[PDB]
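Participant: Sending over protein22.pdb (PDB, C-alpha atoms).
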ATOM      1  CA  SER L   1     117.405  96.622  75.532  1.00  0.00           C
ATOM      2  CA  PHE L   2     114.477  97.057  77.938  1.00  0.00           C
ATOM      3  CA  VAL L   3     112.338  99.889  76.631  1.00  0.00           C
ATOM      4  CA  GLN L   4     110.463 102.491  78.647  1.00  0.00           C
ATOM      5  CA  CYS L   5     107.304 103.803  76.993  1.00  0.00           C
ATOM      6  CA  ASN L   6     104.338 106.074  77.683  1.00  0.00           C
ATOM      7  CA  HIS L   7     101.402 103.716  78.066  1.00  0.00           C
ATOM      8  CA  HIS L   8      98.496 105.366  76.272  1.00  0.00           C
ATOM      9  CA  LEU L   9      95.001 105.036  77.658  1.00  0.00           C
ATOM     10  CA  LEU L  10      92.358 105.221  74.963  1.00  0.00           C
ATOM     11  CA  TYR L  11      89.116 107.006  75.729  1.00  0.00           C
ATOM     12  CA  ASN L  12      85.990 106.582  73.593  1.00  0.00           C
ATOM     13  CA  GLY L  13      86.942 108.362  70.396  1.00  0.00           C
ATOM     14  CA  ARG L  14      90.257 109.946  71.409  1.00  0.00           C
ATOM     15  CA  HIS L  15      93.536 109.834  73.357  1.00  0.00           C
ATOM     16  CA  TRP L  16      92.695 110.165  77.052  1.00  0.00           C
ATOM     17  CA  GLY L  17      96.124 110.239  78.650  1.00  0.00           C
ATOM     18  CA  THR L  18      99.408 108.437  79.130  1.00  0.00           C
ATOM     19  CA  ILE L  19     101.872 107.417  81.843  1.00  0.00           C
ATOM     20  CA  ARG L  20     105.515 106.685  80.988  1.00  0.00           C
ATOM     21  CA  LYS L  21     106.481 103.276  82.295  1.00  0.00           C
ATOM     22  CA  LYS L  22     108.973 100.576  81.318  1.00  0.00           C
ATOM     23  CA  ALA L  23     107.876  97.528  79.345  1.00  0.00           C
ATOM     24  CA  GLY L  24     106.777  94.602  81.487  1.00  0.00           C
ATOM     25  CA  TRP L  25     106.134  96.902  84.425  1.00  0.00           C
ATOM     26  CA  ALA L  26     102.485  97.385  85.328  1.00  0.00           C
ATOM     27  CA  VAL L  27     101.097 100.909  85.097  1.00  0.00           C
ATOM     28  CA  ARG L  28      97.962 102.448  86.613  1.00  0.00           C
ATOM     29  CA  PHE L  29      94.990 103.835  84.705  1.00  0.00           C
ATOM     30  CA  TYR L  30      92.044 105.442  86.479  1.00  0.00           C
ATOM     31  CA  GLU L  31      89.130 107.776  85.871  1.00  0.00           C
ATOM     32  CA  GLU L  32      88.923 110.895  87.989  1.00  0.00           C
ATOM     33  CA  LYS L  33      85.531 112.552  87.703  1.00  0.00           C
ATOM     34  CA  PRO L  34      85.279 116.065  89.241  1.00  0.00           C
ATOM     35  CA  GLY L  35      83.722 115.678  92.675  1.00  0.00           C
ATOM     36  CA  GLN L  36      84.352 111.939  92.779  1.00  0.00           C
ATOM     37  CA  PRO L  37      87.417 109.844  93.760  1.00  0.00           C
ATOM     38  CA  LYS L  38      89.491 108.198  91.042  1.00  0.00           C
ATOM     39  CA  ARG L  39      88.493 104.691  90.017  1.00  0.00           C
ATOM     40  CA  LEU L  40      90.893 102.145  88.544  1.00  0.00           C
ATOM     41  CA  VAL L  41      89.890 101.640  84.930  1.00  0.00           C
ATOM     42  CA  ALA L  42      92.783  99.465  83.862  1.00  0.00           C
ATOM     43  CA  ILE L  43      95.881  97.858  85.208  1.00  0.00           C
ATOM     44  CA  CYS L  44      98.039  97.471  82.149  1.00  0.00           C
ATOM     45  CA  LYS L  45     101.554  96.389  81.292  1.00  0.00           C
ATOM     46  CA  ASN L  46     103.482  95.683  78.117  1.00  0.00           C
ATOM     47  CA  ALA L  47     103.587  92.117  76.753  1.00  0.00           C
ATOM     48  CA  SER L  48     107.360  91.780  76.952  1.00  0.00           C
ATOM     49  CA  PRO L  49     109.306  92.956  80.031  1.00  0.00           C
ATOM     50  CA  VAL L  50     112.122  93.720  77.606  1.00  0.00           C
ATOM     51  CA  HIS L  51     110.884  95.326  74.405  1.00  0.00           C
ATOM     52  CA  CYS L  52     107.655  97.249  73.871  1.00  0.00           C
ATOM     53  CA  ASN L  53     104.904  95.652  71.786  1.00  0.00           C
ATOM     54  CA  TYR L  54     101.300  95.764  72.960  1.00  0.00           C
ATOM     55  CA  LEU L  55      99.546  96.572  76.215  1.00  0.00           C
ATOM     56  CA  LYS L  56      97.898  93.816  78.225  1.00  0.00           C
ATOM     57  CA  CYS L  57      95.427  95.402  80.597  1.00  0.00           C
ATOM     58  CA  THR L  58      93.168  93.783  83.159  1.00  0.00           C
ATOM     59  CA  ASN L  59      90.052  95.062  84.968  1.00  0.00           C
ATOM     60  CA  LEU L  60      88.938  97.303  82.102  1.00  0.00           C
ATOM     61  CA  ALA L  61      86.231  99.898  82.689  1.00  0.00           C
ATOM     62  CA  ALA L  62      84.078  99.318  79.602  1.00  0.00           C
ATOM     63  CA  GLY L  63      85.307 102.049  77.281  1.00  0.00           C
ATOM     64  CA  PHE L  64      88.460 102.629  79.278  1.00  0.00           C
ATOM     65  CA  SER L  65      91.226 100.571  77.714  1.00  0.00           C
ATOM     66  CA  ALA L  66      94.810 101.139  76.643  1.00  0.00           C
ATOM     67  CA  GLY L  67      96.041 101.380  73.079  1.00  0.00           C
ATOM     68  CA  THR L  68      99.691 102.004  72.236  1.00  0.00           C
ATOM     69  CA  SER L  69     102.800 104.057  73.032  1.00  0.00           C
ATOM     70  CA  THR L  70     104.575 107.001  71.391  1.00  0.00           C
ATOM     71  CA  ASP L  71     107.024 109.849  72.205  1.00  0.00           C
ATOM     72  CA  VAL L  72     109.998 107.792  73.380  1.00  0.00           C
ATOM     73  CA  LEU L  73     109.716 105.217  70.603  1.00  0.00           C
ATOM     74  CA  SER L  74     107.835 107.339  68.057  1.00  0.00           C
ATOM     75  CA  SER L  75     109.217 110.843  68.768  1.00  0.00           C
ATOM     76  CA  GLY L  76     106.891 113.789  68.205  1.00  0.00           C
ATOM     77  CA  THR L  77     103.463 112.865  69.534  1.00  0.00           C
ATOM     78  CA  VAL L  78     100.737 114.217  71.816  1.00  0.00           C
ATOM     79  CA  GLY L  79     101.650 112.064  74.788  1.00  0.00           C
ATOM     80  CA  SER L  80     102.196 113.851  78.073  1.00  0.00           C
TER      81      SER L  80
END
Using the file provided, produce a representation of the structure as structure tokens.

Facilitator:
Amino acid sequence: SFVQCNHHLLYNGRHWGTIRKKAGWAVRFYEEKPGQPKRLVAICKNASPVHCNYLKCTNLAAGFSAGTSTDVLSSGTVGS
């Protein structure tokens, strides 16, 4: 059925972070630099609102973009 998945945000060269969110539902990605407020780097949601496939993100912050999902679907990953 509808799948919940940790939406991975990909940072230049390596896994930045992830937020677990259901497919279809939009999730928030932002950069928080020490001493500065967090800035939205991507608003991303999974293609299908049912199953998990790929992440469609809008308002990308250059190198800040999302990649894939693990843990719940993959089992045994460096997610969150």

Participant: Find, counting only C-alpha atoms, the residue in L:41, L:3, L:26, L:78 that gets nearest to residue 62 (chain L).

Facilitator: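 So, comparing all the options, the nearest one is L:41.
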
Participant: Which residues match the PyMOL selection byres ((chain L and resi 50-59) around 7) in the file above, as a list in words?

Facilitator: residues 1, 2, 3, 23, 24, 41, 42, 43, 44, 45, 46, 47, 48, 49, 60, 61, 66, 67 and 68 of chain L

Participant: For residue 4 (chain L), which of L:36, L:80, L:75, L:69 is the closest residue, counting all atoms listed in the file?

Facilitator: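 For residue 4 (chain L), the nearest of the given residues is L:69.
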
Participant: By how many Å are CA of residue 73 (chain L) and CA of residue 32 (chain L) apart?

Facilitator: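 For CA of residue 73 (chain L) relative to CA of residue 32 (chain L), the distance reads 27.7 Å.
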
Participant: So which residues get picked by the PyMOL selection byres ((chain L and resi 7-16) around 7) here, written as a ChimeraX atom specification?

Facilitator: /L:5-6,17-21,63-69

Participant: If you measure from CA of residue 22 (chain L) to CA of residue 70 (chain L), what distance in Å do you get, rounded to one decimal?

Facilitator: 12.6 Å

Participant: Take every atom of region 39-55 of chain L listed in the file, fit an axis-aligned box around them, add 4 Å per side, and give the centre and edge lengths in Å to one decimal as AutoDock Vina command-line options.

Facilitator:
--center_x 100.3 --center_y 98.2 --center_z 80.9 --size_x 31.6 --size_y 20.9 --size_z 26.2

Participant: Could you complete region 4-27 of chain L so that it carries N, CA, C and O atoms, and give it back as an mmCIF file, in the coordinates of the input?

Facilitator:
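Output below, filename out.cif:
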data_model
loop_
_atom_site.group_PDB
_atom_site.id
_atom_site.type_symbol
_atom_site.label_atom_id
_atom_site.label_comp_id
_atom_site.auth_asym_id
_atom_site.auth_seq_id
_atom_site.Cartn_x
_atom_site.Cartn_y
_atom_site.Cartn_z
ATOM 1 N N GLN L 4 111.473 101.757 77.902
ATOM 2 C CA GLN L 4 110.463 102.491 78.647
ATOM 3 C C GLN L 4 109.554 103.215 77.663
ATOM 4 O O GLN L 4 110.026 103.733 76.650
ATOM 5 N N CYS L 5 108.261 103.255 77.944
ATOM 6 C CA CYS L 5 107.304 103.803 76.993
ATOM 7 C C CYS L 5 106.082 104.387 77.693
ATOM 8 O O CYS L 5 105.627 103.869 78.711
ATOM 9 N N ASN L 6 105.551 105.470 77.147
ATOM 10 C CA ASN L 6 104.338 106.074 77.683
ATOM 11 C C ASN L 6 103.133 105.230 77.309
ATOM 12 O O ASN L 6 102.744 105.161 76.147
ATOM 13 N N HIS L 7 102.554 104.574 78.299
ATOM 14 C CA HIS L 7 101.402 103.716 78.066
ATOM 15 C C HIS L 7 100.171 104.582 77.841
ATOM 16 O O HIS L 7 99.742 105.309 78.737
ATOM 17 N N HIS L 8 99.640 104.537 76.637
ATOM 18 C CA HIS L 8 98.496 105.366 76.272
ATOM 19 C C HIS L 8 97.190 104.716 76.683
ATOM 20 O O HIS L 8 96.949 103.550 76.377
ATOM 21 N N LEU L 9 96.345 105.483 77.346
ATOM 22 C CA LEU L 9 95.001 105.036 77.658
ATOM 23 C C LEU L 9 94.057 105.641 76.628
ATOM 24 O O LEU L 9 94.080 106.853 76.384
ATOM 25 N N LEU L 10 93.257 104.794 76.010
ATOM 26 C CA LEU L 10 92.358 105.221 74.963
ATOM 27 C C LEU L 10 90.953 105.430 75.509
ATOM 28 O O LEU L 10 90.343 104.520 76.085
ATOM 29 N N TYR L 11 90.457 106.638 75.320
ATOM 30 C CA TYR L 11 89.116 107.006 75.729
ATOM 31 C C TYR L 11 88.226 106.961 74.498
ATOM 32 O O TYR L 11 88.723 107.107 73.385
ATOM 33 N N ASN L 12 86.938 106.713 74.699
ATOM 34 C CA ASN L 12 85.990 106.582 73.593
ATOM 35 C C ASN L 12 86.140 107.712 72.580
ATOM 36 O O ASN L 12 85.634 108.819 72.784
ATOM 37 N N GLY L 13 86.840 107.423 71.490
ATOM 38 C CA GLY L 13 86.942 108.362 70.396
ATOM 39 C C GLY L 13 88.275 109.089 70.316
ATOM 40 O O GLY L 13 88.619 109.613 69.255
ATOM 41 N N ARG L 14 89.042 109.131 71.406
ATOM 42 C CA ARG L 14 90.257 109.946 71.409
ATOM 43 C C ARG L 14 91.212 109.587 72.553
ATOM 44 O O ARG L 14 90.816 109.011 73.566
ATOM 45 N N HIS L 15 92.487 109.921 72.341
ATOM 46 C CA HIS L 15 93.536 109.834 73.357
ATOM 47 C C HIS L 15 93.102 110.478 74.676
ATOM 48 O O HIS L 15 92.808 111.674 74.730
ATOM 49 N N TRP L 16 93.070 109.674 75.733
ATOM 50 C CA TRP L 16 92.695 110.165 77.052
ATOM 51 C C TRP L 16 93.915 110.704 77.788
ATOM 52 O O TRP L 16 93.948 111.865 78.195
ATOM 53 N N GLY L 17 94.925 109.857 77.934
ATOM 54 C CA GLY L 17 96.124 110.239 78.650
ATOM 55 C C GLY L 17 97.191 109.179 78.540
ATOM 56 O O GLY L 17 96.994 108.172 77.851
ATOM 57 N N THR L 18 98.322 109.393 79.189
ATOM 58 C CA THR L 18 99.408 108.437 79.130
ATOM 59 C C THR L 18 100.324 108.558 80.348
ATOM 60 O O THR L 18 100.511 109.648 80.890
ATOM 61 N N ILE L 19 100.874 107.431 80.783
ATOM 62 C CA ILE L 19 101.872 107.417 81.843
ATOM 63 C C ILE L 19 103.118 106.688 81.336
ATOM 64 O O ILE L 19 103.020 105.562 80.833
ATOM 65 N N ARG L 20 104.284 107.323 81.436
ATOM 66 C CA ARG L 20 105.515 106.685 80.988
ATOM 67 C C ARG L 20 105.973 105.636 81.985
ATOM 68 O O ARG L 20 106.177 105.914 83.168
ATOM 69 N N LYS L 21 106.098 104.421 81.485
ATOM 70 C CA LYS L 21 106.481 103.276 82.295
ATOM 71 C C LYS L 21 107.261 102.289 81.434
ATOM 72 O O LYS L 21 107.045 102.209 80.227
ATOM 73 N N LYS L 22 108.177 101.554 82.044
ATOM 74 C CA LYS L 22 108.973 100.576 81.318
ATOM 75 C C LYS L 22 108.117 99.392 80.887
ATOM 76 O O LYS L 22 107.080 99.106 81.491
ATOM 77 N N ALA L 23 108.551 98.719 79.831
ATOM 78 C CA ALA L 23 107.876 97.528 79.345
ATOM 79 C C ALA L 23 107.925 96.424 80.394
ATOM 80 O O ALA L 23 108.918 96.276 81.104
ATOM 81 N N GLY L 24 106.842 95.668 80.505
ATOM 82 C CA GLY L 24 106.777 94.602 81.487
ATOM 83 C C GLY L 24 106.257 95.083 82.827
ATOM 84 O O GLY L 24 105.565 94.349 83.535
ATOM 85 N N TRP L 25 106.589 96.313 83.177
ATOM 86 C CA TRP L 25 106.134 96.902 84.425
ATOM 87 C C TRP L 25 104.686 97.362 84.300
ATOM 88 O O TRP L 25 104.303 98.004 83.316
ATOM 89 N N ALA L 26 103.884 97.007 85.295
ATOM 90 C CA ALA L 26 102.485 97.385 85.328
ATOM 91 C C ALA L 26 102.336 98.881 85.585
ATOM 92 O O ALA L 26 103.087 99.465 86.365
ATOM 93 N N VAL L 27 101.373 99.493 84.922
ATOM 94 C CA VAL L 27 101.097 100.909 85.097
ATOM 95 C C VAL L 27 99.632 101.095 85.490
ATOM 96 O O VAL L 27 98.804 100.218 85.230
#
